[PDB]
Ligand SMILES: Cc1cn([C@H]2C[C@H](OP(=O)(O)O)[C@@H](COP(=O)(O)O)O2)c(=O)[nH]c1=O
Ligand SMILES: [Ca+2]
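In mature numbering (1 follows the signal peptide of the UniProt record, and there is no 0), the protein residues as written are 63 to 101, 108 to 197.
Structure, rendered in structure tokens:
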């Protein structure tokens, strides 16, 4: 997989973000995770977390997996890095997301995320509390 540039357009919620990619605005959905919706429990915390992460970053990158790059809503499907740190993994590690939506052929970082989920769960963090 390879990291590609993008710039923040705007934070949306825990697992979506509006970024500029190849010079075009796109809503991105974070691969392999599910944050609560803003209205659900930990929804606000997930949203705040991703927002702080992207807004504080000097360098945002997107990394597409092997399979489909856009979902049925036209959202880009990627791993998103903030100053080299993977937001998808960070959310799971903090118990602010679950590993979810693992579809064959877009699952490169599946095991990395499940390991983070196991740690979050051990620590009874947030959603696991
Ligand atoms: C993460 C991801 C979501 N989706 C679609 C599946 C779900 O369909 P449905 O909308 O029909 O439930 C939806 C969940 O996204 P959200 O968790 O953002 O709602 O997004 C994909 O198709 N591929 C993916 O990789
Ligand atoms: Ca969600």
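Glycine included, each C-beta is placed from N, C-alpha and C at the ideal position.
If you look at residue 189, you'll find it in the alpha helix (DSSP H) that goes 178-190. Contact between residue 94 and residue 178 holds, with the beta-carbon distance rounding to 6 Å and staying under 8 Å. Considering only 84, 183, 76, 133, the residue with the shortest C-alpha distance to residue 111 is 76.
By the Cβ neighbour-count rule, residue 67 is exposed, with fewer than 16 other Cβ atoms within 10 Å of its own. Checking the 6 Å criterion, the Cβ of residue 97 is within range of a heavy atom belonging to ligand 2. Between residue 122 and residue 184, the C-beta spacing is not below 7 Å. In this structure, DSSP gives residue 118 a helical state, which the three-state scheme calls helix. Contact between the region 150-168 and the region 132-140 is absent: fewer than 3 CB-CB pairs across the two stretches fall below 8 Å. Residue 146 sits in a strand when the DSSP states are folded into three classes. Here DSSP, grouped into helix, strand and coil, assigns residue 79 to strand. If you draw a straight line from the Cα of residue 109 to the Cα of residue 169, it comes to about 20 Å. Of the heavy atoms belonging to ligand 2, none sits nearer than 6 Å to the Cβ of residue 139. If you draw a straight line from the Cα of residue 119 to the Cα of residue 80, it is about 11 Å long.
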